[PDB]
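# Report on the structure
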Amino acid sequence: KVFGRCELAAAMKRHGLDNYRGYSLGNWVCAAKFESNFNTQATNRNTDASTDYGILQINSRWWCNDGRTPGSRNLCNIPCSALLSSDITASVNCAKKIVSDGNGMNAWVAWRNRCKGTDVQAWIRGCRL
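Residues numbered from 1 in each chain as written, not as in the entry; some residues may be left out. Heavy atoms only, no water. Residues with missing side-chain atoms left out of burial classes, pairs and counts.

Per the PDB entry, the chain goes by the name LYSOZYME and belongs to Gallus gallus. Checking UniProt for the chain, the heading Catalytic activity contains the comment "Hydrolysis of (1->4)-beta-linkages between N-acetylmuramic acid and N-acetyl-D-glucosamine residues in a peptidoglycan and between N-acetyl-D-glucosamine residues in chitodextrins." The Sequence similarities field of the UniProt record for the chain holds the comment "Belongs to the glycosyl hydrolase 22 family." (UniProt positions renumbered as here; feature names shortened; annotations may be inferred.)

Let us now look at the UniProt feature "active site" in the chain. Listed under "active site" in the UniProt record, and renumbered for this structure, are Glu35 and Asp52. In three dimensions, the annotated residues from a span of 18 residues occupy one location, with a maximal C-alpha spread of 9.5 Å. As for the annotated residues, the ones lining the largest pocket are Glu35 and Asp52. Looking at where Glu35 falls in the secondary structure, it is placed in helix α2 (residues 25–36). Excluding residues within four positions of it along the chain, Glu35 makes contact with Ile55, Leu56, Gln57, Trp108, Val109, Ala110 and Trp111. (1 Å grid on protein atoms, 1.4 Å probe; cavity = no way out; pocket = protein on both sides within 12 Å on 5 of 7 lines; lining within 4 Å. Helix = DSSP H or I, 4+ residues; strand = E, 2+ residues; numbered from the N terminus. Contact = heavy atoms within 4.5 Å.)

Written out as structure tokens, the structure is:
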């Protein structure tokens, strides 16, 4: 499912991401935008053979199990395919664990590189939240 900007913002808010761990909603929407372009089915394989899954491009080396990643830890205790669902609940619960891991949203390279320090409020502008 390819989400609309305001649509995703509302679902993320409903799921308790607005200001979760200090990061406003604009940060999460911006992150999803550059990580997956709002597409729940996005996947990207990496050089270390792990793969990033879903709307927030969660990695198979530590967060989920895809059955094909060397030394995966599966911290979110879920099969990676669950992150591709049209229902973002699994992705949100796992992202909450990742962002709490010590490095905050810097865990998401696209966030650090394209969202960090920018006017993230623009991502929820015009939405009825």
